[PDB]
Structures are given as structure tokens and as C-alpha cells.
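Per chain, numbering begins at 1; letters A, B, ... match sequence-line order. The basis for the numbers below is simple: all heavy atoms, side chains too, and nothing from hydrogens, waters or symmetry mates.
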Amino acid sequence: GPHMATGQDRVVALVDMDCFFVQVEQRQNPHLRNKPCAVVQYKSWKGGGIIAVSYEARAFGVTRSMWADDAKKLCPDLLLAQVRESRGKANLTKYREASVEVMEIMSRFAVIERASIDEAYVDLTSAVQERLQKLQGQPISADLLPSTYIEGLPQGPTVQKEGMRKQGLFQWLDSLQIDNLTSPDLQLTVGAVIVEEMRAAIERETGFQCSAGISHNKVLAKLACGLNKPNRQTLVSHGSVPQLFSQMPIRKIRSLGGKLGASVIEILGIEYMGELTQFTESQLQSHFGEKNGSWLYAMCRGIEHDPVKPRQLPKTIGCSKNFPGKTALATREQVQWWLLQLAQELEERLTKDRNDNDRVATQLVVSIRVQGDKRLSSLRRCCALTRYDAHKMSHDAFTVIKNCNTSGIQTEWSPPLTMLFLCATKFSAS
DNA sequence: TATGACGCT
DNA sequence: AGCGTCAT
Ligand SMILES: Nc1ccn([C@H]2C[C@H](O)[C@@H](COP(=O)(O)OP(=O)(O)OP(=O)(O)O)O2)c(=O)n1
Ligand SMILES: [Ca+2]
Ligand SMILES: [Ca+2]
């Protein structure tokens with residue numbers, strides 16, 4: 001009863017940039033602003049594959065992982081920006097550099113966990129305690145939360161979406177609990193005020209807009225962030241969880257959007273995250289293993305302990321390129337030349353990482369996919385990485401894969417390779 | 001039809 | 001060490 005721990009100890013936020021690559025291209029070319037546009041890789045085959053879509057283009061049905069030519073059928077006016085192409089492949093430097101712009105601003109407020117190229121988690125527990133000590137005992141104005149949604153509000157006893165927002169926000173604040181410095185709901189509100197500021201700083205200093213979620217753990221923050229995209233942040237309180245989860249498809253919770261989540265649905269015979277509450281921890285552990293059972297048991301109650309790991313920099317640096325279908329590499333000269341092209345971009349990126357971040361990678365991993373193989377990776381081998389030389393790395397990458405060539409005729413290469421991937425890991429300080 | 005983090009064995 | 005899962 002009192003020994004019920006409710007996972008309200010932390011204040012955690014997930015910040016995520018709205019249509020990130022599109023914003024980056026639109027800062028650079030003002031003509032793309034406020035217009036249906038998408039970002040594509042390559043152009044010859046079907047106009048290129050789309051990887052990012054503005055919200056105006058989304059109104060027409062334009063999605064990621066779609067050919068530009070098909071996109072132009074749903075949206076004739078759609079504008080396109082192309083990813084920079086280097087050494088025969090896509091080069092994403094523009095977007096990685098835009099990312100450190102954002103991560104460095106976010107780092108001044110709290111320590112972040114780089115989660116992707118455009119999203120970071122933030123643990124605001126410490127920042128919130130201090131704000132509570134400066135706001136003495138004085139209340140929190142709705143003017144401090146100009147873009148915040150309180151999930152599940154308004155409730156109880158105006159039909160444009162901004163009027164709703166203030167109604168729920170007023171309800172939340174007018175019932176707030178400012179006399180207690182340990183009230184979890186008051187802490188989420190202070191965290192939300194901090195994130196409004198974080199988000200105004202990112203836009204002030206990059207011109208990029210984002211959404212955020214604020215709650216007690218990474219999972220809820222992440223789910224919360226997506227409730228009011230774009231350019232809005234959503235506070236998900238501990239108390240909103242039973243209603244929020246009662247109709248939430250299990251696949252929507254982070255790590256349940258794949259196979260494990262599908263077997264939760266098929267085995268247990270449920271649909272929504274809330275239905276998990278009727279199962280005991282021992283039942284769940286028998287169904288899915290000690291780790292999954294324990295984590296499933298806590299999570300449907302809104303409790304999750306996976307911490308915000310202080311890590312602003314990737315553990316891994318890698319380049320890949322698919323050669324699907326008839327483009328599959330089928331000679332020794334092809335395989336070596338693309339390994340060289342990949343090795344060359346990787347060396348460009350590693351030298352920059354060494355100067356910037358005072359570290360060197362020590363292991364090189366070569367992954368390949370042969371033609372006729374449902375698995376995304378067919379083979380993965382590693383060797384030492386001792387000089388940032390592209391000709392050595394491509395040589396070593398070949399040496400460790402050459403054994404995979406079926407063909408007895410030595411000049412050709414079978415089975416044809418549909419994918420090459422070089423990857424620098426095992427960093428050491430420098 | 002380009003990337004990164006982590007678990008399991 | 002190497003494969004599998006889950007995500008942006
Ligand atoms: N399968 C993917 C997913 C993402 N990205 C890149 C392009 C995106 O712009 C960026 C961030 O991905 P998101 O999943 O956050 O989606 P967006 O940021 O594009 O838009 P939004 O978050 O508003 O949906 O990462 C990619 O190249 N391939
Ligand atoms: Ca995003
Ligand atoms: Ca994202």
C-alpha cells in the first residue's frame with residue numbers, strides 16, 4: 001500500500017525534431033518552407049526513395065519508403081530535396097551536423113542520452129528540484145506553458161484545438177499541489193516548463209521546431225511526445241496512464257512494435273496495453289521470460305526503470321549501401337571498388353570524429369548480404385582497425401569476406417552480394 | 001525497394 | 001564472437 005512504488009521518482013523528457021531532414025533542407029532553401037516537400041535518396045530509379053516528409057505533404061498521403069514518382073501522383077506540387085551523393089552513395093553529413101547543433105543546445109539544460117540522429121532523452125529530476133527552490137512557493141502560470149498538452153484533460157463538467165489545450169492546462173494547474181515539494185505532478189509541470197524553454201532555445205538558435213514528451217520514464221516520455229506533434233509537448237501524468245493505456249495498441253509502446261509485441265497479442269489474447277494489468281508477474285515471466293515478464297508487468301502500470309544514459313556521441317560509425325536485384329555485385333572488381341568507396345567515406349568520418357571527440361575506433365566490422373537471403377545480414381566479421389586508411393580498411397574488409405565467394409572462376413563473385421556494410425566500433429580515448 | 005543500440009548465445 | 005531484434 002505505502003509499499004507500492006509507483007515509478008514517480010524521475011522526471012524524464014523525450015525531445016524529437018519535427019520532420020528533421022525536411023526542416024534542415026528548408027532552413028537552407030527558403031523556397032521549400034511551408035510547402036509539401038520530401039527528401040529523397042538518388043534520382044534515377046523512380047525519382048528516388050523518400051525518407052522524410054513535411055506535414056503538408058503528409059496531408060496528401062506521402063510517406064517514407066516510397067518512390068518519388070508515386071509520391072507525385074498523390075501530390076503533384078510536391079517539392080523535393082536530394083541527399084548529397086558522394087562516392088556513388090548517400091552522404092548524410094548535412095543532417096549529422098544539424099544534429100550536433102541540437103544536441104549541444106540540449107546539453108546545457110541537463111545531460112542527454114542521444115537516442116537517434118534527431119531525438120534525445122533528458123533526465124530533469126535535478127533541474128526540477130532547483131527550480132522548485134527558486135519559485136519559493138509561488139504558483140505556475142499558464143503563460144509558462146504556451147504549447148503544452150496535459151494528456152486526458154480537459155475532463156468532466158469551444159471546438160478549436162487551442163481552446164481544448166488551455167482548458168485542459170487550466171484544469172491541471174488550478175488543481176495543482178504547490179505546497180508539497182515532493183508531489184510528482186508538480187515536478188512534471190516544472191519539467192514541462194523547463195522543456196518549453198529548451199524548445200524555445202532550439203528554435204531560437206537553429207530555427208528548427210520539435211515536439212517533446214514529459215513523464216516519469218523513457219517509455220512514457222516517448223509515447224507522450226507523439227501525442228501532439230508537431231511543435232507541441234505533451235505531459236503524461238502517472239494518473240493519466242490507466243485511461244491512456246486502456247485503448248492504446250500494444251505495438252505503440254517502445255520495444256513492443258515488433259515480434260515480442262505480436263506474441264503478446266497472440267499468446268495472451270489482448271489488444272491494448274491496459275489489459276496486461278490483469279496478469280501476474282509470474283504468469284508473464286513464464287510467457288516471455290524473467291526480463292520481459294518483469295518489464296511487462298511494471299510497464300502496463302506505467303513503471304519503467306531503464307535509465308537515461310549520459311551519452312551524447314554514437315558508439316559506432318558505419319556506412320552501408322544496398323545493391324538489390326540486378327545491381328547485385330557479381331565480380332571481384334565490383335566488390336573491391338565499393339568496399340573502397342565505403343572505406344573512403346568511413347575514413348573521412350573517422351578522422352573528423354578523432355579530432356572532434358578525442359577518440360579512436362579500434363575494431364572494424366564487415367557485414368554483407370548475399371542474394372537470396374531473407375535475413376538482412378547474412379554474414380558479419382570483424383578485424384583490427386589500426387590506421388584510418390581507406391585502402392587498408394577496404395583491403396582488410398575483403399580479406400575477411402573473400403572466403404564467402406562460391407565461384408571457382410576467380411574473377412567473378414557468387415552468390416552476388418546485395419549489401420556491403422563497414423562499421424567502426426570499440427572506441428578508446430585519444 | 002542508410003544508419004544505430006542492444007540482447008542472446 | 002556472431003547472429004537477431006527493434007528502432008530512427
Ligand atoms: N526509416 C528512417 C527513419 C528516419 N530517417 C531519418 C529521416 C528523418 O527525418 C530523421 C528522423 O526520423 P523520424 O522517425 O523522427 O521522423 P521525422 O523526424 O522525419 O518526422 P516526425 O518525427 O515529425 O515524424 O531520421 C531515415 O532516414 N530513415
Ligand atoms: Ca523526428
Ligand atoms: Ca525520431
Side-chain angles (χ1 to χ4, degrees), chain A residues 14-22 39-42 44-53 63-71 82-96 99 113-121 218-219 222-223 225-226 251-263 288-292 295 306 309 311-328 338 341-342 345-346 349 363-369 373-384 400-401 404 418-427:
Chain A
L14 187 277
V15 177
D16 172 86
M17 316 294 305
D18 302 334
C19 53
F20 184 51
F21 291 23
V22 174
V39 175
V40 303
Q41 289 179 152
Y42 313 112
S44 292
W45 182 248
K46 288 149 138 49
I50 294 174
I51 67 185
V53 186
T63 57
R64 188 191 276 99
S65 296
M66 188 181 63
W67 297 119
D69 290 356
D70 308 335
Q82 281 184 87
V83 165
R84 166 166 140 198
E85 212 184 314
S86 278
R87 287 169 247 84
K89 70 178 291 287
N91 176 24
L92 310 170
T93 332
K94 207 195 279 192
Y95 314 113
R96 299 196 180 91
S99 191
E113 181 189 326
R114 191 195 187 266
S116 93
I117 198 183
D118 85 323
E119 61 183 55
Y121 294 95
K218 296 166 63 168
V219 162
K222 173 57 177 172
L223 177 65
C225 179
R251 73 169 158 284
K252 300 299 173 195
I253 272 64
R254 185 220 52 97
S255 76
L256 298 184
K259 271 166 186 168
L260 174 74
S263 59
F288 318 114
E290 245 151 64
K291 184 200 65 143
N292 292 338
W295 184 97
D306 171 29
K309 306 179 173 41
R311 188 193 59 248
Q312 190 173 357
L313 297 180
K315 300 194 165 207
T316 292
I317 299 190
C319 325
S320 76
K321 166 76 161 168
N322 310 333
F323 309 91
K326 76 151 192 78
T327 74
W338 281 111
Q341 298 317 281
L342 287 184
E345 193 208 335
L346 193 68
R349 282 177 67 193
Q363 172 179 313
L364 175 71
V365 195
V366 193
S367 197
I368 72 180
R369 178 157 46 162
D373 200 311
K374 294 289 289 160
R375 316 183 289 159
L376 285 173
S377 175
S378 302
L379 185 278
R380 212 173 311 174
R381 301 285 205 257
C382 52
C383 64
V400 314
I401 71 156
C404 281
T418 46
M419 191 217 70
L420 297 182
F421 176 78
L422 294 180
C423 200
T425 75
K426 269 247 274 196
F427 286 85

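Nucleotide B:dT1 holds its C1' atom 12 Å from the NZ atom of A:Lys321, rounded to whole Å. What separates CE of A:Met419 from P of B:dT1 is a distance of 15 Å, to the nearest Å. One can place CD of A:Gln41 at 17 Å from P of C:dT8, the figure rounded to the nearest angstrom. Between the CG atom of A:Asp16 and the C1' atom of C:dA7 there is a distance of 12 Å, rounded to whole Å. Remark: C1' of C:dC3 and CG of A:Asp373 are 12 Å apart, rounded to the nearest angstrom. Atom CG in A:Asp306 sits about 16 Å away from atom P in C:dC6, given to the nearest Å. Atom pair A:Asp69:CG and B:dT1:P shows a separation of 17 Å (rounding to whole Å applied). A straight line from CG of A:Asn322 to P of B:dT3 spans 10 Å, rounded to a whole angstrom.
Ring geometry, A:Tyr95 versus A:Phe21: the interplanar angle falls under 30°, so the pair is classed parallel (tilted spans 30 to 60°).
Two residues are said to be in side-chain contact when any heavy atoms from C-beta on lie closer than 4.5 Å; A:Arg114 and A:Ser99 meet this criterion. You'll find the side chain of A:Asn91 stays beyond 4.5 Å of the side chain of A:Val83, heavy atoms only. At least one side-chain heavy atom of A:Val365 sits under 4.5 Å from a side-chain heavy atom of A:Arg380. A heavy-atom distance below 4.5 Å is found between the side chains of A:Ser255 and A:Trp295. You'll find the side chain of A:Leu346 reaches within 4.5 Å of the side chain of A:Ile317, heavy atoms only.
Scanning for salt bridge (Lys or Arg N to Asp or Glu O under 4.0 Å) contacts around A:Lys89 gives A:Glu345, with sequence neighbours left out. Evaluation of the side chain to side chain donor-acceptor pair (under 3.5 Å) rule for A:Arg87 yields A:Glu348 as partners, not counting sequence neighbours.
Within 4.0 Å (heavy atoms only), A:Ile51 reaches no atom of the nucleic acid at all. Nucleic acid contact for A:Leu376: none, since no nucleic acid atom lies under 4.0 Å from a heavy atom of the residue. Using a 4.0 Å heavy-atom criterion, one finds that A:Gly257 contacts the sugar-phosphate atoms exclusively. Heavy atoms of A:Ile117 sit nowhere under 4.0 angstrom from any nucleic acid atom. Counting non-hydrogen atoms under 4.0 angstrom, A:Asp118 reaches the backbone sugars and phosphates but no base.
The side chain of A:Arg375 sits closest to C:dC3 out of C:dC3, B:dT1, B:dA2. When distances are taken from the side chain of A:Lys259 to each of B:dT3, C:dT8, C:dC6, the shortest belongs to C:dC6. Between B:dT3, C:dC3, B:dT1, one nucleotide has an atom nearer to the side chain of A:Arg381 than all others, and that is C:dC3.
Listed pair A:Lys222 / C:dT8 meets the phosphate criterion, a side-chain N or O lying under 4.0 Å from OP1 or OP2. Contact between the side-chain N/O atoms of A:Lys89 and the OP1/OP2 oxygens of B:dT3 is found at a separation under 4.0 Å. Phosphate contact (OP1/OP2 of B:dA2, side-chain N/O of A:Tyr42, threshold under 4.0 Å): present.
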**OP:** Assign a letter to each nucleotide of nucleotides 4-9 of chain B from its 5' end: B, base within under 4.0 Å of a protein heavy atom; S, sugar-phosphate only; -, no contact.
**Re:** SSSSS-

